[PDB]
Amino acid sequence: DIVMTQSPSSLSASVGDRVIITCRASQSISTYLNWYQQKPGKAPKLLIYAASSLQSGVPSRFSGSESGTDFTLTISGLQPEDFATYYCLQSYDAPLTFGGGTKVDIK
Amino acid sequence: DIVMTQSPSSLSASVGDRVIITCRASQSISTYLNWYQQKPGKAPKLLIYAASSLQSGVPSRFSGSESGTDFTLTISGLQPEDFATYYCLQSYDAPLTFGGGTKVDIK
Amino acid sequence: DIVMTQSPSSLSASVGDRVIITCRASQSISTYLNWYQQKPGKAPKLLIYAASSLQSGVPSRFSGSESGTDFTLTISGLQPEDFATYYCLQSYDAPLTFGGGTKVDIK
Amino acid sequence: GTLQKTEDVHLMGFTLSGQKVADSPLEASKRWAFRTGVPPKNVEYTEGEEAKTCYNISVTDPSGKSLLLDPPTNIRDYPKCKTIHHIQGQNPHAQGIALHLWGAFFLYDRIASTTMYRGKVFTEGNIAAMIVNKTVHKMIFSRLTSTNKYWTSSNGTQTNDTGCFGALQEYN
Amino acid sequence: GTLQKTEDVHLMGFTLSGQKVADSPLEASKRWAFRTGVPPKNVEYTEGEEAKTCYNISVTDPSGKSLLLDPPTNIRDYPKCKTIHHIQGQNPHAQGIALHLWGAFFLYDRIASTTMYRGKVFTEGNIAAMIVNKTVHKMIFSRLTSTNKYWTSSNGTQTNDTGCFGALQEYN
Amino acid sequence: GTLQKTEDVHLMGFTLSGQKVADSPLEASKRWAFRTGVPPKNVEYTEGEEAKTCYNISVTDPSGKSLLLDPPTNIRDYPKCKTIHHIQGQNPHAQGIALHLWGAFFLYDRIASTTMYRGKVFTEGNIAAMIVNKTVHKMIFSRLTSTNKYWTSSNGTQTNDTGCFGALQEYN
Amino acid sequence: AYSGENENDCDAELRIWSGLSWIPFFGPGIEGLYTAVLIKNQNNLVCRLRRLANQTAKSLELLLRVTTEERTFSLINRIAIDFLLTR
Amino acid sequence: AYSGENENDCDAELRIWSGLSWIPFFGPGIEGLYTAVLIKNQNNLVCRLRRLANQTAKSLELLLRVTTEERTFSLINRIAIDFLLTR
Amino acid sequence: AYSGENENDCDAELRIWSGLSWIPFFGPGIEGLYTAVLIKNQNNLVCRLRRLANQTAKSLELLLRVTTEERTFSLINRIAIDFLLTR
Amino acid sequence: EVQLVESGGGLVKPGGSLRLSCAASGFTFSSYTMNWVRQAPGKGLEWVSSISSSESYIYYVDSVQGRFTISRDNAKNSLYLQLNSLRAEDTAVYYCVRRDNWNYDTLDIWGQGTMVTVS
Amino acid sequence: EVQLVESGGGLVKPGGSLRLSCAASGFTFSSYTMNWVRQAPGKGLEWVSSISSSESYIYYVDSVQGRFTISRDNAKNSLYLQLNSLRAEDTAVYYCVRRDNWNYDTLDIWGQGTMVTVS
Amino acid sequence: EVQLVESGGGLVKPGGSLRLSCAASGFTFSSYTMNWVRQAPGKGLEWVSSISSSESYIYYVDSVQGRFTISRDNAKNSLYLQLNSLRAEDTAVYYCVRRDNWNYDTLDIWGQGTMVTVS
Ligand SMILES: *[C@@H]1O[C@H](CO)[C@@H](O[C@@H]2O[C@H](CO)[C@@H](O[C@@H]3O[C@H](CO[C@H]4O[C@H](CO)[C@@H](O)[C@H](O)[C@@H]4O)[C@@H](O)[C@H](O[C@H]4O[C@H](CO)[C@@H](O)[C@H](O)[C@@H]4O[C@H]4O[C@H](CO)[C@@H](O)[C@H](O)[C@@H]4O)[C@@H]3O)[C@H](O)[C@H]2NC(C)=O)[C@H](O)[C@H]1NC(C)=O
Ligand SMILES: *[C@@H]1O[C@H](CO)[C@@H](O[C@@H]2O[C@H](CO)[C@@H](O[C@@H]3O[C@H](CO[C@H]4O[C@H](CO)[C@@H](O)[C@H](O)[C@@H]4O)[C@@H](O)[C@H](O[C@H]4O[C@H](CO)[C@@H](O)[C@H](O)[C@@H]4O[C@H]4O[C@H](CO)[C@@H](O)[C@H](O)[C@@H]4O)[C@@H]3O)[C@H](O)[C@H]2NC(C)=O)[C@H](O)[C@H]1NC(C)=O
Ligand SMILES: *[C@@H]1O[C@H](CO)[C@@H](O[C@@H]2O[C@H](CO)[C@@H](O[C@@H]3O[C@H](CO[C@H]4O[C@H](CO)[C@@H](O)[C@H](O)[C@@H]4O)[C@@H](O)[C@H](O[C@H]4O[C@H](CO)[C@@H](O)[C@H](O)[C@@H]4O[C@H]4O[C@H](CO)[C@@H](O)[C@H](O)[C@@H]4O)[C@@H]3O)[C@H](O)[C@H]2NC(C)=O)[C@H](O)[C@H]1NC(C)=O
Ligand SMILES: *[C@@H]1O[C@H](CO)[C@@H](O[C@@H]2O[C@H](CO)[C@@H](O[C@@H]3O[C@H](CO)[C@@H](O)[C@H](O)[C@@H]3O)[C@H](O)[C@H]2NC(C)=O)[C@H](O)[C@H]1NC(C)=O
Ligand SMILES: *[C@@H]1O[C@H](CO)[C@@H](O[C@@H]2O[C@H](CO)[C@@H](O[C@@H]3O[C@H](CO)[C@@H](O)[C@H](O)[C@@H]3O)[C@H](O)[C@H]2NC(C)=O)[C@H](O)[C@H]1NC(C)=O
Ligand SMILES: *[C@@H]1O[C@H](CO)[C@@H](O[C@@H]2O[C@H](CO)[C@@H](O[C@@H]3O[C@H](CO)[C@@H](O)[C@H](O)[C@@H]3O)[C@H](O)[C@H]2NC(C)=O)[C@H](O)[C@H]1NC(C)=O
Ligand SMILES: *[C@@H]1O[C@H](CO)[C@@H](O)[C@H](O)[C@H]1NC(C)=O
Ligand SMILES: *[C@@H]1O[C@H](CO)[C@@H](O)[C@H](O)[C@H]1NC(C)=O
Ligand SMILES: *[C@@H]1O[C@H](CO)[C@@H](O)[C@H](O)[C@H]1NC(C)=O
Ligand SMILES: *[C@@H]1O[C@H](CO)[C@@H](O)[C@H](O)[C@H]1NC(C)=O
Ligand SMILES: *[C@@H]1O[C@H](CO)[C@@H](O)[C@H](O)[C@H]1NC(C)=O
Ligand SMILES: *[C@@H]1O[C@H](CO)[C@@H](O)[C@H](O)[C@H]1NC(C)=O
Ligand SMILES: *[C@@H]1O[C@H](CO)[C@@H](O)[C@H](O)[C@H]1NC(C)=O
Ligand SMILES: *[C@@H]1O[C@H](CO)[C@@H](O)[C@H](O)[C@H]1NC(C)=O
Ligand SMILES: *[C@@H]1O[C@H](CO)[C@@H](O)[C@H](O)[C@H]1NC(C)=O
């Protein structure tokens, strides 16, 4: 089974800060990685797909890049609504696997 | 069976006249058409073959042309010996078929 | 069996003389001919091979040439040690065959 | 179009299930029919899609000779099947060989036949041809327990809405 | 010489009758002879001339095994024959297989054999190769009840002026 | 690399004897082993080296069915052998077909098999491919009684240092 | 560009079977020869390939009807020989 | 140019056999596959073709003797592969 | 250049078997078809050819494993078709 | 001089047989396809049969199919036509005609003809 | 508007069955691969099953293999998940998620989710 | 120094056996084809036998065919020649000669020879 290691498990940030979230695969999954953004009691929402593409209706603060098995989520400018728990998911082979997450708090 | 329609069934002409005799096939027989000239009590004699070629010993008043399934016999200058009954014959597939004829009389 | 005809059977020569020894095959053996030089009570020694090549340690008075089935041994300058019995041997197919020889005496 | 060896040339066996066709034994049968005068025809292909429904058919006539044709030696079962349906029983006499009403092939182990052979697991499908070299084959191609279901047919007249093998009945 | 596909390539089977050769069963036999040590050999061709005389030969030895070789499955009768001569009977023992004294082939349904097979209608002929594309094939190529005659052979020594199957006798 | 027809292409069958390998029946056996799950495979070649040791093996199990596979019709003995070793007898039961432990082929008359067939004289060897035209083939290619030896095998457990056919015993 | 509001007869998912190891006696058996391979519908490749397969079966049947081989037809050299003859 | 005062071993006349229809079950049977075709001796083609057929049987026999196939030889790819190798 | 102080797994000697006569009934029988031919190790050809033969048996086994032909494989057209496709 | 000569025609009762002949001269008869064409009194020409050189293509006009039989003997340079179950409509002058297979299958050599009367 | 709606979740005793549903709207349900993802209280996301459009590729996460069964009915635009031999660790909110097979197999349409409690 | 050494020759009665040996030194004996050449008193050279390295090509001169037997043992670097049914014409000095298969099959290394007398 392909494993997914997201880093860090929690992160502290302020509004306007640059936030870097990383994601590492056990095997090579090409560009089949997605990023999600989940708020307490809400279904998770799709931000990045194809490791870099932007989902319609998502602001351009979120941005994804890929370097081999290593993937990066990047929110250059944080709004007061960008504090939520993010995950990366490999969409390549099954079983499909999600990371541990990343809790972004207020600093 | 390939059918052959010669036209007209009889024709009136004078000496020195231009005579046009036509010949129409049911299917396409390429250039495999011949023309004959028969006098009462005599075997028919071969004038045109390959739809346009001239048989050795035939004068150059007779001439043949082809346009698809349509073929033409043409005697531009009639001698007092060119009054006879002509036929077209398809030499392509069997049964081989002759037209009704054309009686050329004196006018 | 491939036959080998050496000529002459004996030859008289002096020191410094040019000696020509010839060798003729029944079939065509390409360049697979060798020449030997044998002295009474001694194993024969290899002079020419590949019809023209020189064996290491043989002086350059001996020389071989080929023209079809016809081969030639040639000792342009005779030393007082070049009086011996020579043979040609075809090394092409088996049975391998030697000529009659050639006795080179003093003249 | 670039071709370097014959190894670059791939005949892929795709299934009818993968093109949204119902492959139950009662819906697959009606796509099959016997007839006389057309001979079997075989062809080789290089790989195949893992199919969902395969068939192992062993139906015989009240005489006793098996309706389908005894397979040649090079005929082997379909490599990767998720479910295999053993159709077995006794069916009225019928002359000829069973072909496909669609023009599709009965896919065997790297052999596609125009007729199904007795005793062998096949799937329905088709053959594609694609040409690819190693540089592109490395990116286009990324480098099991079957469920057995059992059915029987009963000798007598088939209904107008029925497969060639007749109505099928699942059993234990 | 222009070739586009393999479909442009035509192997035409011409008959010996069409090249002014006498194909009666008594004149055809003498062109045939048995021998040992040379094996059958088959080849495929794409079309064939409608022949005038074909042969359906079923002669057996006083033991009972049929002289000629049992045909493979892909051997079928000659498609278009005007007359078929059933040669049938009992002939002295003879070892080997019957070949052609001319080097010509026994033409079957799109198969040319160097030996005749029991139970099958063949004609004598040869194979030509011509290459043509569609534009020229459309102009070079413009787009039946058989008469059955029956003969028998009698066991015993053949005469010096006789076919391999011996003297033949027409019957009703 | 120049090629004009397919006739310029030569598949030469070289022997293991010619590459300094011991081909006695006791040393050749240990290069052979039975196994199940791999099917026979045949290939044609155009000429062959005259071998020194060939084998005509007819060993059977205590049941009676012959261990090796009945050859197809196109399988003939090796043309030019200097010595032929008839291995014959009764060996314990063994499942599968006998293959080569080296990857070399059992060379037949212009057929190389990955398995040995009963009743046929083969030699061990390999196949090379060389391409040559007539001008060079005329210079690279310049334009018999066998000795028969007989051996038998005995039914029972083979020793750890023994060929697949067991210990062999020469007889008269 | 490609969207499943367009395809209706294609499952967009596709998995296929395709030292001394090269020696017959030491290699895999007849039921151990196949590796599982995954093919992604990256540029709608899977549905193009299903479509190709569905379309080829007229050429293929016609060709197999042309031929008298009643054992097994070999298509690979056929495709190659027509590649070399097309140019 | 061509006249039957020249040919003596050739009959100048030559006839040969050569929607859902492509499906095996719906197509012709094994005795309904052949169409009658007519070939004219327009440029002496029929007698050249009889002559070709009569001449080829030495190459053809020699080739069939070269080979060990005891089921059925395939000549079409052979002709093609030598066309591609001749150039 | 070449010397048998170098080769150790090669015998440098090599002999091989390779009017109305073209007619089957008049030609040689199945045990009279082969002519004896002699090949000289002129440019170390014999030991290169033994070496080639010994080396090819991995490609050859792998290829014969690729294929489903259980009667007899034909290698000649294979070699040719890859010659024409290599260029 | 190339010539075809007809004989063997006479008066025959309706429902019996009558055999016509032809005898070639001047050309090679074994190399050419031969035809029979009749002309009924006051009507047009009518092709009836053809036989090919090797005798392998034989054709009849369906009016006479199964009734008439054509054949030839190439050594005798002779062309034959057997007329069976003769009819009132079979009254016609019959020619033997050579078809030239190397000049577009044209009928060029006709005979003088023979009269066949079925009364 | 593309929407997935979950129902059929409740309270179940440890060791019995419970069947979940989903009902698609707005998109073609027969053309897409459907997934089930659950989130256990205060834990992360966890993919559990996927079924392909033609139902020919079916996948489970080994924690649930042999216990859960996925299926779909393409005419009803409905997705089903049968949960058998339920465990204390099976307590989780379950979504039905569509995988978009033409945008790199991404999970983009989630439902609101239903709660399954095994007490 | 490459050398071949002959032994095992003596006086033998006409009609019995005698076995000759040779023992190589300096070169690889297993890689080369070995020959036997004899010279009868006052006559010319005469090739008698050859054995190839792998022992797969063996040749004799028909005068001795079936009478003499050549063999070799490559581990012992030894060449052997068994002489059977010896004749009055078999009296000759026998050499063991190496044929060099990479210099046009030339006989280059001869031994001193051994005398075989059949009286
Ligand atoms: C490539 O992929 C396509 C798409 O998946 C696939 O298409 C399917 O092909 C088959 C075979 O051609 C089609 O089946 C035919 O369909 C028609 C239409 O009616 C049926 O289907 C519609 C749509 O689902 C339904 O609404 C309707 O109720 C029917 O079920 C039928 O008329 C056909 O039946 C006749 O033809 C059969 C031929 O096998 C006969 O067996 C049958 O008895 C019927 O015969 C009558 O009609 C004939 C018309 O030619 C006539 O000749 C007869 O004399 C008689 O009157 C048949 O069921 C199917 O609909 C196609 N599906 C789609 C979605 O297009 C291709 O087959 C596939 N190709 C390959 C090679 O795999
Ligand atoms: C391509 O088309 C041509 C033309 O149609 C066709 O040619 C014919 O080939 C056959 C076979 O080669 C020929 O048959 C041979 O003919 C000679 C000549 O004498 C006969 O023919 C003439 C002319 O018609 C007559 O006047 C005469 O009376 C004879 O009938 C014969 O000598 C041959 O018989 C010998 O050879 C036979 C070989 O099959 C033996 O079976 C037979 O017993 C005879 O053997 C004797 O002679 C041999 C000579 O080599 C000798 O080896 C034997 O030991 C023995 O002494 C035979 O009948 C025929 O004449 C050709 N016809 C023409 C018009 O040229 C080709 O065959 C055709 N090719 C293909 C592949 O279809
Ligand atoms: C091309 O030409 C070359 C040269 O002629 C030829 O090479 C020979 O190949 C065979 C097969 O690979 C080799 O045989 C193996 O040799 C080793 C080495 O030990 C032996 O040989 C040396 C040298 O002569 C001796 O000193 C020594 O005493 C031994 O006799 C052995 O270890 C091998 O035995 C093992 O492998 C066998 C595989 O067939 C098993 O049957 C056997 O039971 C042994 O198995 C054990 O080892 C395996 C190692 O992989 C392991 O997998 C098993 O589990 C187990 O532990 C075997 O005899 C031979 O030595 C080569 N000779 C030379 C001179 O190199 C090529 O074969 C030839 N190619 C073709 C296609 O013809
Ligand atoms: C497809 O269906 C056929 C028919 O039901 C199955 O055939 C059966 O296969 C088994 C296993 O090969 C055979 O068992 C063997 O039978 C012999 C006696 O014939 C016995 O000696 C062996 O010990 C062994 O039991 C069985 O006979 C055979 N039955 C028939 C009627 O042929 C076949 O297995 C099915 N294939 C698959 C993949 O399910
Ligand atoms: C060529 O000659 C052979 C031998 O004379 C003919 O063989 C005969 O063919 C018919 C029709 O196929 C066979 O009839 C069938 O026989 C079986 C019993 O064997 C019977 O059950 C069937 O109802 C049917 O009558 C007949 O047996 C067979 N005879 C022999 C001896 O094999 C063949 O038909 C000829 N071919 C042609 C095209 O004329
Ligand atoms: C290889 O070994 C086999 C088995 O020892 C040899 O088979 C034997 O071959 C001979 C000659 O073909 C056969 O003789 C014939 O047998 C039949 C009865 O079967 C008889 O009617 C004939 O008159 C003739 O004697 C013999 O039967 C056969 N034995 C077996 C057991 O098959 C084979 O010859 C050997 N091959 C070589 C080249 O040495
Ligand atoms: C493979 O083919 C591609 C085109 O699809 C081409 O760009 C590439 O260079 C080729 N590679 C090789 C090694 O031939
Ligand atoms: C079918 O055949 C079986 C015997 O195998 C018999 O018991 C049964 O009655 C038959 N059924 C019909 C409907 O003919
Ligand atoms: C087979 O038995 C199972 C239980 O073992 C049962 O659920 C099923 O309905 C049976 N199948 C039938 C009767 O076709
Ligand atoms: C077919 O070949 C002829 C030569 O015979 C050539 O003139 C013509 O252009 C070709 N047609 C095609 C479509 O290739
Ligand atoms: C031929 O065999 C039959 C039996 O089938 C027999 O009646 C007859 O006498 C035999 N004839 C000769 C001449 O041996
Ligand atoms: C066969 O019978 C017909 C009449 O039915 C007769 O004319 C013919 O001569 C007979 N054939 C023979 C006896 O060979
Ligand atoms: C044969 O190939 C050689 C190269 O080995 C070349 O020099 C020679 O010209 C070629 N001959 C022919 C006739 O093609
Ligand atoms: C081998 O089988 C034979 C019978 O063929 C028998 O006499 C003998 O005892 C058996 N030997 C052993 C060791 O089982
Ligand atoms: C076979 O007999 C010969 C003598 O004819 C004898 O020399 C040899 O040793 C025997 N072979 C054995 C007993 O294996």
# chains A, B, ... in the order shown; residues from 1 in each chain; ligands from 1
call {"tool": "interface_residues", "arguments": {"of": "chain G", "to": "chain H", "cutoff": "10 Å", "atoms": "only C-alpha atoms", "output": "MDAnalysis selection string"}}
result
chainID G and resid 57:66 68:71 77:78 81:82 84:85
call {"tool": "write_last_selection", "arguments": {"atoms": "N, CA, C and O atoms", "output": "PDB file, in the first residue's frame"}}
result
ATOM      1  N   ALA G  57     -12.855  -4.593 -34.777  1.00  0.00           N
ATOM      2  CA  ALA G  57     -13.446  -5.908 -34.980  1.00  0.00           C
ATOM      3  C   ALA G  57     -14.162  -6.052 -36.310  1.00  0.00           C
ATOM      4  O   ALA G  57     -14.749  -7.106 -36.536  1.00  0.00           O
ATOM      5  N   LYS G  58     -14.226  -5.025 -37.155  1.00  0.00           N
ATOM      6  CA  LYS G  58     -14.732  -5.276 -38.500  1.00  0.00           C
ATOM      7  C   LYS G  58     -13.579  -5.617 -39.439  1.00  0.00           C
ATOM      8  O   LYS G  58     -13.625  -6.642 -40.126  1.00  0.00           O
ATOM      9  N   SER G  59     -12.522  -4.799 -39.434  1.00  0.00           N
ATOM     10  CA  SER G  59     -11.291  -5.129 -40.150  1.00  0.00           C
ATOM     11  C   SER G  59     -10.799  -6.525 -39.788  1.00  0.00           C
ATOM     12  O   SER G  59     -10.405  -7.314 -40.655  1.00  0.00           O
ATOM     13  N   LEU G  60     -10.830  -6.837 -38.494  1.00  0.00           N
ATOM     14  CA  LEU G  60     -10.242  -8.058 -37.955  1.00  0.00           C
ATOM     15  C   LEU G  60     -11.029  -9.280 -38.407  1.00  0.00           C
ATOM     16  O   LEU G  60     -10.449 -10.276 -38.851  1.00  0.00           O
ATOM     17  N   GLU G  61     -12.363  -9.220 -38.302  1.00  0.00           N
ATOM     18  CA  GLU G  61     -13.197 -10.324 -38.768  1.00  0.00           C
ATOM     19  C   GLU G  61     -13.065 -10.519 -40.271  1.00  0.00           C
ATOM     20  O   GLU G  61     -12.975 -11.655 -40.752  1.00  0.00           O
ATOM     21  N   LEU G  62     -13.071  -9.422 -41.027  1.00  0.00           N
ATOM     22  CA  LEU G  62     -12.958  -9.501 -42.479  1.00  0.00           C
ATOM     23  C   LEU G  62     -11.638 -10.158 -42.858  1.00  0.00           C
ATOM     24  O   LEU G  62     -11.590 -11.046 -43.719  1.00  0.00           O
ATOM     25  N   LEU G  63     -10.554  -9.735 -42.199  1.00  0.00           N
ATOM     26  CA  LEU G  63      -9.236 -10.295 -42.466  1.00  0.00           C
ATOM     27  C   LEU G  63      -9.200 -11.777 -42.124  1.00  0.00           C
ATOM     28  O   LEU G  63      -8.742 -12.594 -42.926  1.00  0.00           O
ATOM     29  N   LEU G  64      -9.706 -12.147 -40.946  1.00  0.00           N
ATOM     30  CA  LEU G  64      -9.745 -13.553 -40.552  1.00  0.00           C
ATOM     31  C   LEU G  64     -10.651 -14.382 -41.449  1.00  0.00           C
ATOM     32  O   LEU G  64     -10.654 -15.612 -41.336  1.00  0.00           O
ATOM     33  N   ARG G  65     -11.573 -13.734 -42.158  1.00  0.00           N
ATOM     34  CA  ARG G  65     -12.382 -14.439 -43.141  1.00  0.00           C
ATOM     35  C   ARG G  65     -11.622 -14.603 -44.443  1.00  0.00           C
ATOM     36  O   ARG G  65     -11.832 -15.585 -45.167  1.00  0.00           O
ATOM     37  N   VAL G  66     -10.719 -13.664 -44.734  1.00  0.00           N
ATOM     38  CA  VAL G  66      -9.910 -13.736 -45.946  1.00  0.00           C
ATOM     39  C   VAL G  66      -9.029 -14.978 -45.943  1.00  0.00           C
ATOM     40  O   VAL G  66      -8.809 -15.601 -46.990  1.00  0.00           O
ATOM     41  N   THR G  68      -7.186 -18.742 -44.763  1.00  0.00           N
ATOM     42  CA  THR G  68      -7.498 -20.157 -44.656  1.00  0.00           C
ATOM     43  C   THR G  68      -6.788 -20.833 -43.493  1.00  0.00           C
ATOM     44  O   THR G  68      -6.918 -22.051 -43.329  1.00  0.00           O
ATOM     45  N   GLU G  69      -6.046 -20.081 -42.684  1.00  0.00           N
ATOM     46  CA  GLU G  69      -5.390 -20.655 -41.516  1.00  0.00           C
ATOM     47  C   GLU G  69      -6.442 -21.089 -40.504  1.00  0.00           C
ATOM     48  O   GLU G  69      -7.210 -20.262 -40.002  1.00  0.00           O
ATOM     49  N   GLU G  70      -6.484 -22.389 -40.211  1.00  0.00           N
ATOM     50  CA  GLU G  70      -7.451 -22.940 -39.274  1.00  0.00           C
ATOM     51  C   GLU G  70      -6.795 -23.378 -37.968  1.00  0.00           C
ATOM     52  O   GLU G  70      -7.371 -24.180 -37.224  1.00  0.00           O
ATOM     53  N   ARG G  71      -5.596 -22.872 -37.676  1.00  0.00           N
ATOM     54  CA  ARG G  71      -4.905 -23.179 -36.428  1.00  0.00           C
ATOM     55  C   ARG G  71      -4.793 -21.929 -35.561  1.00  0.00           C
ATOM     56  O   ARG G  71      -5.407 -21.865 -34.493  1.00  0.00           O
ATOM     57  N   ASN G  77       3.357  -9.611 -37.445  1.00  0.00           N
ATOM     58  CA  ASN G  77       4.075  -9.438 -38.703  1.00  0.00           C
ATOM     59  C   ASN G  77       3.193  -8.789 -39.758  1.00  0.00           C
ATOM     60  O   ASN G  77       3.705  -8.234 -40.734  1.00  0.00           O
ATOM     61  N   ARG G  78       1.887  -9.036 -39.694  1.00  0.00           N
ATOM     62  CA  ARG G  78       0.975  -8.449 -40.667  1.00  0.00           C
ATOM     63  C   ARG G  78       0.986  -6.934 -40.544  1.00  0.00           C
ATOM     64  O   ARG G  78       1.239  -6.210 -41.517  1.00  0.00           O
ATOM     65  N   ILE G  81       4.469  -5.611 -41.657  1.00  0.00           N
ATOM     66  CA  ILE G  81       4.690  -5.649 -43.100  1.00  0.00           C
ATOM     67  C   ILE G  81       3.869  -4.559 -43.765  1.00  0.00           C
ATOM     68  O   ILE G  81       4.332  -3.920 -44.719  1.00  0.00           O
ATOM     69  N   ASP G  82       2.669  -4.268 -43.246  1.00  0.00           N
ATOM     70  CA  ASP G  82       1.967  -3.131 -43.829  1.00  0.00           C
ATOM     71  C   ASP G  82       2.500  -1.778 -43.380  1.00  0.00           C
ATOM     72  O   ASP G  82       2.202  -0.768 -44.030  1.00  0.00           O
ATOM     73  N   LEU G  84       5.772  -1.234 -43.132  1.00  0.00           N
ATOM     74  CA  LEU G  84       6.901  -1.082 -44.038  1.00  0.00           C
ATOM     75  C   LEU G  84       6.449  -0.858 -45.475  1.00  0.00           C
ATOM     76  O   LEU G  84       7.160  -0.209 -46.247  1.00  0.00           O
ATOM     77  N   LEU G  85       5.282  -1.384 -45.854  1.00  0.00           N
ATOM     78  CA  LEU G  85       4.780  -1.176 -47.206  1.00  0.00           C
ATOM     79  C   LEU G  85       4.022   0.137 -47.363  1.00  0.00           C
ATOM     80  O   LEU G  85       3.891   0.625 -48.490  1.00  0.00           O
TER      81      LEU G  85
END
call {"tool": "select_by_dssp", "arguments": {"residues": "range 18-52 of chain H", "states": "helix (DSSP H, G or I)", "output": "PyMOL selection string"}}
result
chain H and resi 20-22+45-52
call {"tool": "write_last_selection", "arguments": {"atoms": "N, CA and C atoms", "output": "mmCIF file, in the first residue's frame"}}
result
data_model
loop_
_atom_site.group_PDB
_atom_site.id
_atom_site.type_symbol
_atom_site.label_atom_id
_atom_site.label_comp_id
_atom_site.auth_asym_id
_atom_site.auth_seq_id
_atom_site.Cartn_x
_atom_site.Cartn_y
_atom_site.Cartn_z
ATOM 1 N N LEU H 20 -24.612 -5.694 -41.231
ATOM 2 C CA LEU H 20 -24.143 -6.731 -40.323
ATOM 3 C C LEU H 20 -23.362 -7.845 -41.021
ATOM 4 N N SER H 21 -22.979 -7.655 -42.285
ATOM 5 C CA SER H 21 -22.482 -8.762 -43.096
ATOM 6 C C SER H 21 -21.092 -9.214 -42.674
ATOM 7 N N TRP H 22 -20.306 -8.330 -42.061
ATOM 8 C CA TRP H 22 -18.947 -8.698 -41.692
ATOM 9 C C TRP H 22 -18.891 -9.618 -40.478
ATOM 10 N N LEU H 45 -2.726 -10.314 -71.633
ATOM 11 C CA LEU H 45 -2.569 -10.548 -70.198
ATOM 12 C C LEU H 45 -2.869 -11.988 -69.816
ATOM 13 N N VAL H 46 -3.902 -12.572 -70.410
ATOM 14 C CA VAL H 46 -4.255 -13.928 -70.028
ATOM 15 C C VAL H 46 -3.137 -14.888 -70.398
ATOM 16 N N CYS H 47 -2.539 -14.726 -71.584
ATOM 17 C CA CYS H 47 -1.521 -15.704 -71.938
ATOM 18 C C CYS H 47 -0.206 -15.448 -71.215
ATOM 19 N N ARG H 48 0.100 -14.187 -70.885
ATOM 20 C CA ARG H 48 1.213 -13.899 -69.980
ATOM 21 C C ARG H 48 0.991 -14.489 -68.600
ATOM 22 N N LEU H 49 -0.261 -14.564 -68.159
ATOM 23 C CA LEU H 49 -0.514 -15.022 -66.801
ATOM 24 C C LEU H 49 -0.476 -16.537 -66.728
ATOM 25 N N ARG H 50 -1.016 -17.202 -67.749
ATOM 26 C CA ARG H 50 -0.791 -18.633 -67.890
ATOM 27 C C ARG H 50 0.697 -18.940 -67.959
ATOM 28 N N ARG H 51 1.452 -18.131 -68.708
ATOM 29 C CA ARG H 51 2.882 -18.383 -68.834
ATOM 30 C C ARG H 51 3.592 -18.193 -67.500
ATOM 31 N N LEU H 52 3.293 -17.090 -66.806
ATOM 32 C CA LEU H 52 3.834 -16.867 -65.468
ATOM 33 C C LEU H 52 3.560 -18.049 -64.541
#
call {"tool": "atom_distance", "arguments": {"atom1": "CA of residue 86 in chain F", "atom2": "CA of residue 37 in chain I"}}
result
27.8 Å
